Amino acid sequence: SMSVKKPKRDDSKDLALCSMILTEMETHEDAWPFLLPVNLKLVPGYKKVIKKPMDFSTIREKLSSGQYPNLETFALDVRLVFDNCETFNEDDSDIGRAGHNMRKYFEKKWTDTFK
């Protein structure tokens, strides 16, 4: 509350550390369904079904241009990629499995880096 603050967690490395995590996600072998925006002209149903498309290249542009106010807003866009994936793809598909693997990979890096 006013003039009463919890001790200040050091957030000065967050930008760099999120960038690293993102690089690791970009270079994982199962990243291929997530590297670029889904092409809304060419994938029937995507535009109408997925309210908020997200992909690693778009996350990378937002990051580089100061559009994440903090590390939680970055984690929300990453998780959005995998939530979108689960919404549109069967678990038993290559893309569905990809998304499950990438989320697992992300969540471990997130906890080891910050928690």
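For the protein, the PDB entry supplies the name Bromodomain adjacent to zinc finger domain protein 2B and the organism Homo sapiens. According to the PDB record, the title of this entry is "PanDDA analysis group deposition -- Crystal Structure of BAZ2B after initial refinement with no ligand modelled (structure 37)".

Caption draft 1: Layout of a nonpolar patch on the surface. A contiguous nonpolar surface patch, about 330 Å² in accessible area, is contributed by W32, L35 and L36. Structurally, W32 can be placed in the loop between helix 1 (14-27) and helix 2 (46-49).

Caption draft 2: Examining the environment of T113 more closely. Along the chain, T113 turns up in helix 5 (residues 94-113). Those residues in contact with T113 that sit more than four places away from it in its chain are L17 and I21.

Caption draft 3: Representation of the nonpolar core. Residues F34, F56, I59, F74, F82, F106 and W110 are the most contacted members of the largest nonpolar core, which totals 23 residues. Of all elements in the fold, only helix 1, helix 3 (56-64), helix 4 (71-88) and helix 5 reach the threshold of two or more residues within this core. Not counting residues within four places of it along the chain, the set of residues in contact with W110 comprises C18, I21, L71, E72, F74, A75, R79 and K115.

Caption draft 4: Seen up close, the packing of aromatic side chains. For the coordinates displayed, the defined rule picks out eight aromatic pairs. Aromatic pair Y68 and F74: ring centres 5.7 Å apart, planes at 90°, arrangement edge-to-face. Neither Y68 nor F74 differs from the other in exposure class; each is buried. With a centroid separation of 4.7 Å and 55° between ring planes, the pair formed by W110 and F114 is classed as tilted.

Caption draft 5: Inspection of the packing of helix 1 against helix 4 at higher detail. Close contact between helix 1 and helix 4 brings their axes to 10 Å; oriented N to C, the two are set at 15°. When the axis of helix 1 is compared with that of helix 4, the two are roughly parallel. The two elements helix 1 and helix 4 meet at a crossing, and its hand is right-handed. Here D14, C18, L22 and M25 of helix 1 lie close against helix 4, whose contacting residues are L71, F74, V78 and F82. Here the contact of helix 1 with helix 4 is composed, by residue class, of seven nonpolar, no polar and one charged.

Caption draft 6: Up close: the packing of helix 4 against helix 5. Where helix 4 meets helix 5, the axes come as close as 8 Å, and the angle between the chain directions of the two elements is 160°. Classified by the interaxial angle, the pair formed by helix 4 and helix 5 is roughly antiparallel. At the point where helix 4 passes helix 5, the crossing takes the left-handed sense. Between helix 4, through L71, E72, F74, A75, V78, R79, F82, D83, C85 and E86, and helix 5, the contact on the second element is made entirely by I95, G96, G99, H100, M102, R103, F106, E107 and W110.

Calculation rules
Residues numbered from 1 in each chain as written, not as in the entry; some residues may be left out. Heavy atoms only, no water. Residues with missing side-chain atoms left out of burial classes, pairs and counts. Patch = residues over 30% accessible without salt bridge, like charges linked within 9 Å, V, L, I, M, F, W, Y side chains within 5 Å. Areas by Shrake-Rupley, 256 points an atom, 1.4 Å probe, with all protein chains shown as cover. Salt bridge = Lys/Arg side-chain N within 4 Å of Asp/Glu carboxyl O. Helix = DSSP H or I, 4+ residues; strand = E, 2+ residues; numbered from the N terminus. Contact = heavy atoms within 4.5 Å. Core = buried A, V, L, I, M, F, W, Y, C linked by side-chain atoms within 4.5 Å. Buried < 20%, exposed > 50% of the residue type's maximum accessible area, 1.4 Å probe, protein only. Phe/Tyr/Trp six-rings, centres within 6.5 Å; stacked < 30°, edge-to-face > 60°. Axes fitted to C-alpha atoms, helices over the stretch in contact; angles between N-to-C directions. Parallel < 35°, antiparallel > 145°, perpendicular 65-115°, else oblique. Left-handed = near helix turned anticlockwise from the far one by under 90°. Nonpolar A, V, L, I, M, F, W, Y, C, P; charged D, E, K, R; others polar.

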